[PDB]
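> Sharing work-v3.pdb, PDB, C-alpha atoms:
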```
ATOM      1  CA  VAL A   5     118.359 355.343 199.814  1.00  0.00           C
ATOM      2  CA  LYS A   6     119.282 356.164 196.218  1.00  0.00           C
ATOM      3  CA  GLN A   7     117.467 354.870 193.152  1.00  0.00           C
ATOM      4  CA  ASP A   8     119.732 355.113 190.116  1.00  0.00           C
ATOM      5  CA  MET A   9     119.916 352.487 187.361  1.00  0.00           C
ATOM      6  CA  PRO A  10     122.842 350.184 188.197  1.00  0.00           C
ATOM      7  CA  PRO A  11     123.570 346.695 186.902  1.00  0.00           C
ATOM      8  CA  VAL A  12     122.565 344.063 189.432  1.00  0.00           C
ATOM      9  CA  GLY A  13     125.838 342.414 190.471  1.00  0.00           C
ATOM     10  CA  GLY A  14     127.089 341.969 186.905  1.00  0.00           C
ATOM     11  CA  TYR A  15     125.303 340.663 183.812  1.00  0.00           C
ATOM     12  CA  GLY A  16     125.928 337.774 181.457  1.00  0.00           C
ATOM     13  CA  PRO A  17     128.259 337.986 178.475  1.00  0.00           C
ATOM     14  CA  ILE A  18     127.135 338.297 174.868  1.00  0.00           C
ATOM     15  CA  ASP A  19     128.955 336.499 172.069  1.00  0.00           C
ATOM     16  CA  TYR A  20     131.122 338.106 169.400  1.00  0.00           C
ATOM     17  CA  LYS A  21     131.884 335.136 167.151  1.00  0.00           C
ATOM     18  CA  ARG A  22     131.081 334.941 163.442  1.00  0.00           C
ATOM     19  CA  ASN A  23     128.996 331.847 164.134  1.00  0.00           C
ATOM     20  CA  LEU A  24     128.844 329.906 160.861  1.00  0.00           C
ATOM     21  CA  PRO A  25     127.825 326.228 160.543  1.00  0.00           C
ATOM     22  CA  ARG A  26     129.029 325.754 156.907  1.00  0.00           C
ATOM     23  CA  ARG A  27     126.888 322.601 156.743  1.00  0.00           C
ATOM     24  CA  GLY A  28     125.669 320.738 153.675  1.00  0.00           C
ATOM     25  CA  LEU A  29     127.372 318.088 151.609  1.00  0.00           C
ATOM     26  CA  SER A  30     130.920 318.064 150.255  1.00  0.00           C
ATOM     27  CA  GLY A  31     131.969 318.260 146.620  1.00  0.00           C
ATOM     28  CA  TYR A  32     132.362 314.528 145.995  1.00  0.00           C
ATOM     29  CA  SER A  33     129.151 313.388 147.696  1.00  0.00           C
ATOM     30  CA  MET A  34     126.835 315.996 146.148  1.00  0.00           C
ATOM     31  CA  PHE A  35     128.543 315.482 142.780  1.00  0.00           C
ATOM     32  CA  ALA A  36     128.119 311.704 142.942  1.00  0.00           C
ATOM     33  CA  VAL A  37     124.485 311.746 144.057  1.00  0.00           C
ATOM     34  CA  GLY A  38     123.617 314.200 141.272  1.00  0.00           C
ATOM     35  CA  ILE A  39     125.321 312.075 138.626  1.00  0.00           C
ATOM     36  CA  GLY A  40     123.725 308.945 140.112  1.00  0.00           C
ATOM     37  CA  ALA A  41     120.188 310.304 139.840  1.00  0.00           C
ATOM     38  CA  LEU A  42     121.146 311.492 136.346  1.00  0.00           C
ATOM     39  CA  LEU A  43     122.159 307.971 135.310  1.00  0.00           C
ATOM     40  CA  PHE A  44     118.994 306.551 136.905  1.00  0.00           C
ATOM     41  CA  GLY A  45     116.937 308.902 134.749  1.00  0.00           C
ATOM     42  CA  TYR A  46     118.963 307.867 131.699  1.00  0.00           C
ATOM     43  CA  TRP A  47     118.303 304.160 132.232  1.00  0.00           C
ATOM     44  CA  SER A  48     114.560 304.638 132.710  1.00  0.00           C
ATOM     45  CA  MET A  49     114.528 306.981 129.701  1.00  0.00           C
ATOM     46  CA  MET A  50     116.216 304.366 127.497  1.00  0.00           C
ATOM     47  CA  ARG A  51     113.707 301.702 128.570  1.00  0.00           C
ATOM     48  CA  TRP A  52     110.629 303.843 127.893  1.00  0.00           C
ATOM     49  CA  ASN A  53     111.929 305.054 124.535  1.00  0.00           C
ATOM     50  CA  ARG A  54     112.610 301.586 123.159  1.00  0.00           C
ATOM     51  CA  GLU A  55     109.226 300.220 124.278  1.00  0.00           C
ATOM     52  CA  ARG A  56     107.654 303.327 122.750  1.00  0.00           C
ATOM     53  CA  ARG A  57     109.420 302.594 119.467  1.00  0.00           C
ATOM     54  CA  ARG A  58     107.908 299.089 119.564  1.00  0.00           C
ATOM     55  CA  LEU A  59     104.420 300.574 119.800  1.00  0.00           C
ATOM     56  CA  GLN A  60     105.120 303.164 117.103  1.00  0.00           C
ATOM     57  CA  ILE A  61     106.246 300.367 114.757  1.00  0.00           C
ATOM     58  CA  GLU A  62     102.875 298.730 115.466  1.00  0.00           C
ATOM     59  CA  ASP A  63     101.223 301.992 114.375  1.00  0.00           C
ATOM     60  CA  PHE A  64     103.266 301.898 111.160  1.00  0.00           C
ATOM     61  CA  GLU A  65     102.069 298.359 110.518  1.00  0.00           C
ATOM     62  CA  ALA A  66      98.492 299.550 110.999  1.00  0.00           C
ATOM     63  CA  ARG A  67      98.881 302.167 108.273  1.00  0.00           C
ATOM     64  CA  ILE A  68     100.583 299.618 106.004  1.00  0.00           C
ATOM     65  CA  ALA A  69      97.773 297.083 106.294  1.00  0.00           C
ATOM     66  CA  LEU A  70      95.130 299.784 105.945  1.00  0.00           C
ATOM     67  CA  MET A  71      96.317 301.408 102.735  1.00  0.00           C
ATOM     68  CA  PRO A  72      95.282 299.657  99.449  1.00  0.00           C
TER      69      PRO A  72
ATOM     70  CA  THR B   1     145.210 345.598 169.483  1.00  0.00           C
ATOM     71  CA  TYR B   2     144.009 344.837 165.973  1.00  0.00           C
ATOM     72  CA  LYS B   3     142.418 342.081 163.904  1.00  0.00           C
ATOM     73  CA  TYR B   4     143.151 342.388 160.207  1.00  0.00           C
ATOM     74  CA  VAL B   5     141.118 340.313 157.778  1.00  0.00           C
ATOM     75  CA  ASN B   6     141.269 338.405 154.468  1.00  0.00           C
ATOM     76  CA  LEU B   7     143.942 336.039 155.761  1.00  0.00           C
ATOM     77  CA  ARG B   8     143.146 332.827 153.966  1.00  0.00           C
ATOM     78  CA  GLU B   9     144.700 331.526 150.879  1.00  0.00           C
ATOM     79  CA  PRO B  10     142.769 329.285 148.482  1.00  0.00           C
ATOM     80  CA  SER B  11     144.060 325.933 149.686  1.00  0.00           C
ATOM     81  CA  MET B  12     145.793 323.866 147.019  1.00  0.00           C
ATOM     82  CA  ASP B  13     144.730 320.649 148.737  1.00  0.00           C
ATOM     83  CA  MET B  14     142.451 318.738 146.392  1.00  0.00           C
ATOM     84  CA  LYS B  15     139.557 318.592 148.875  1.00  0.00           C
ATOM     85  CA  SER B  16     139.195 322.360 149.329  1.00  0.00           C
ATOM     86  CA  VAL B  17     139.684 323.203 145.664  1.00  0.00           C
ATOM     87  CA  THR B  18     137.174 320.585 144.521  1.00  0.00           C
ATOM     88  CA  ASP B  19     134.728 321.872 147.133  1.00  0.00           C
ATOM     89  CA  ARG B  20     135.081 325.394 145.744  1.00  0.00           C
ATOM     90  CA  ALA B  21     134.762 324.028 142.203  1.00  0.00           C
ATOM     91  CA  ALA B  22     131.579 322.141 143.109  1.00  0.00           C
ATOM     92  CA  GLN B  23     130.393 325.317 144.827  1.00  0.00           C
ATOM     93  CA  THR B  24     130.961 327.200 141.575  1.00  0.00           C
ATOM     94  CA  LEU B  25     129.462 324.603 139.222  1.00  0.00           C
ATOM     95  CA  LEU B  26     126.585 323.502 141.449  1.00  0.00           C
ATOM     96  CA  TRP B  27     125.226 326.867 142.739  1.00  0.00           C
ATOM     97  CA  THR B  28     125.287 325.955 146.419  1.00  0.00           C
ATOM     98  CA  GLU B  29     125.474 329.070 148.576  1.00  0.00           C
ATOM     99  CA  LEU B  30     122.903 330.806 146.394  1.00  0.00           C
ATOM    100  CA  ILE B  31     120.510 328.086 147.576  1.00  0.00           C
ATOM    101  CA  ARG B  32     121.810 328.739 151.100  1.00  0.00           C
ATOM    102  CA  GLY B  33     120.780 332.372 150.656  1.00  0.00           C
ATOM    103  CA  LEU B  34     117.335 331.241 149.515  1.00  0.00           C
ATOM    104  CA  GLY B  35     117.159 329.092 152.643  1.00  0.00           C
ATOM    105  CA  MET B  36     117.898 332.090 154.865  1.00  0.00           C
ATOM    106  CA  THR B  37     115.252 334.157 153.103  1.00  0.00           C
ATOM    107  CA  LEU B  38     112.680 331.387 153.511  1.00  0.00           C
ATOM    108  CA  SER B  39     113.639 331.248 157.197  1.00  0.00           C
ATOM    109  CA  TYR B  40     112.557 334.855 157.421  1.00  0.00           C
ATOM    110  CA  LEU B  41     109.501 334.094 155.262  1.00  0.00           C
ATOM    111  CA  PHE B  42     107.921 331.707 157.713  1.00  0.00           C
ATOM    112  CA  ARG B  43     108.296 334.042 160.722  1.00  0.00           C
ATOM    113  CA  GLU B  44     105.587 336.371 161.991  1.00  0.00           C
ATOM    114  CA  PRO B  45     105.694 340.024 160.941  1.00  0.00           C
ATOM    115  CA  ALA B  46     106.290 342.941 163.276  1.00  0.00           C
ATOM    116  CA  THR B  47     103.648 345.183 161.686  1.00  0.00           C
ATOM    117  CA  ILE B  48     101.315 347.031 164.010  1.00  0.00           C
ATOM    118  CA  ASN B  49      97.965 347.791 162.395  1.00  0.00           C
ATOM    119  CA  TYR B  50      98.515 351.530 162.588  1.00  0.00           C
ATOM    120  CA  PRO B  51      95.179 353.447 162.754  1.00  0.00           C
ATOM    121  CA  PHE B  52      93.969 351.039 165.423  1.00  0.00           C
ATOM    122  CA  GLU B  53      97.176 349.864 167.101  1.00  0.00           C
ATOM    123  CA  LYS B  54      99.164 353.016 167.713  1.00  0.00           C
ATOM    124  CA  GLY B  55     102.883 352.620 168.205  1.00  0.00           C
ATOM    125  CA  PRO B  56     104.743 352.616 171.508  1.00  0.00           C
ATOM    126  CA  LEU B  57     106.127 355.860 172.874  1.00  0.00           C
ATOM    127  CA  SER B  58     107.881 357.314 175.904  1.00  0.00           C
ATOM    128  CA  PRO B  59     106.714 359.283 178.946  1.00  0.00           C
TER     129      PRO B  59
END
```
Translate this file's structure into structure tokens.

Amino acid sequence: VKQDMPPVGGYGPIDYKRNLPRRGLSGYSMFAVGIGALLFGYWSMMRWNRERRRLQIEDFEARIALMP
Amino acid sequence: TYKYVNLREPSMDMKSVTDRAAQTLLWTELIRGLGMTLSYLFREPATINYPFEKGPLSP
């Protein structure tokens, strides 16, 4: 017998495609969810700032009543 | 027998051009590159500890 290195009856194929998934969101959906979380942060920001101004006015009234 | 490249035009349909505009003004594929680099971060390294583990050779 002979003992070279042949391929055994043929081998499987190997791909040659530029395999790209291009996944992720679109323009509109990513854009809208970013602006939506932005507006959520704005609303909570507005609420905290106006309640904070209430308390800071109370601090002003403390210094007024303390002064003379 | 040839396959020449760079055959796409920038599509003037509103979907494709707003997707490229959101790609430009949202920094998307840069984050995709960071994702690929993190995918190689959490692998296991192919570093043999040299003075103990000596590298493979041939007969």
> Within 12 Å of (125.1, 317.8, 146.9) in the file's own coordinates, which protein, DNA or RNA residues have an atom, counting all atoms listed in the file? List them as a PyMOL selection string.
(chain A and resi 27-41) or (chain B and resi 19+22-23+25-29+31)
> Quick one, how far is atom CA of residue 20 of chain B from atom CA of residue 3 of chain B?
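Taking atom CA of residue 20 of chain B and atom CA of residue 3 of chain B, their separation equals 25.7 Å.
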> To one decimal place in Å, what is the distance between atom CA of residue 60 of chain A and atom CA of residue 48 of chain A?
18.3 Å
> Find, counting only C-alpha atoms, the residue in B:12, B:7, B:17, B:36 that gets nearest to chain A.
B:17
> Select, from B:44, B:11, B:2, B:32, the residue with the minimum atom-to-atom distance to chain A, counting all atoms listed in the file.
B:32
> Between B:6, B:37, B:1, B:18, which one has atoms that come closest to chain A, using only C-alpha atoms?
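Looking only at the distances to chain A, the closest residue turns out to be B:18.
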> Quick one, how far is atom CA of residue 65 of chain A from atom CA of residue 47 of chain A?
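It comes out at 27.7 Å.
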> Find the axis-aligned box for segment 66-70 of chain A, covering all its listed atoms and adding 4 Å on each side, and write its centre and edge lengths in Å to one decimal as lines of an AutoDock Vina configuration file.

```
center_x = 97.9
center_y = 299.6
center_z = 108.5
size_x = 13.5
size_y = 13.1
size_z = 13.1
```
